[PDB]
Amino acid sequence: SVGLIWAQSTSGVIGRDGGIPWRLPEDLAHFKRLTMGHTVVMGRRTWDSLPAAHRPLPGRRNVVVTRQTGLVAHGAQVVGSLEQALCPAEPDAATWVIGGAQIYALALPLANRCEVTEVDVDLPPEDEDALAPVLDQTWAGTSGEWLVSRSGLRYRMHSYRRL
């Protein structure tokens, strides 16, 4: 059972300049709660983007997807494909794919749940941005209310399940 979890601007941006181009503490808390104790699968660029204090993510089984043979990711398990990441030698009840755009596209056919934070931030996409997946008609969801962050941004959470 594989879920994707991401935060996106309403315009669909998830990443810029090797990071996330807004600050949304309530999203960090949401992400922390959903993933603690579970497996988190990420692309190598997302692994390299992590803040020092969260590389690896504490209290979670970190898995990093790369084409590099012999890459070492201290504190994580390195695998060579998303399929390998979803075939662990030690099964986990809950596996979360935590980005980025390349790994989400590989993961979406294998997933049955998406947890999406939508951020009302004016971010006209730029040419090198990482963009969110778009969920087609095989997905249906439920939306929480629009809330205001202590940071000032409006945001809301969506939960999708494969039909």
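Residue numbers run from 1 along the displayed sequence.
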Inset, instruction - Averaging only over Cα atoms, indicate whether 140-148 or 20-28 has the higher B-factor in the PDB entry. - result: 140-148
Legend entry - Stretch with the higher entry mean CA B-factor, where the candidates are 40-48 and 103-111: 103-111
Legend entry - Residue with highest C-alpha B-factor in the PDB entry, from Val65, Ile98, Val119, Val134: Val134
Legend entry - CA B-factor placement of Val2, once the chain's modelled residues are sorted into thirds: highest
Inset, instruction - Grab the CA temperature factor for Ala130 from the record and place it in the lowest, middle or highest third of its chain. - result: lowest
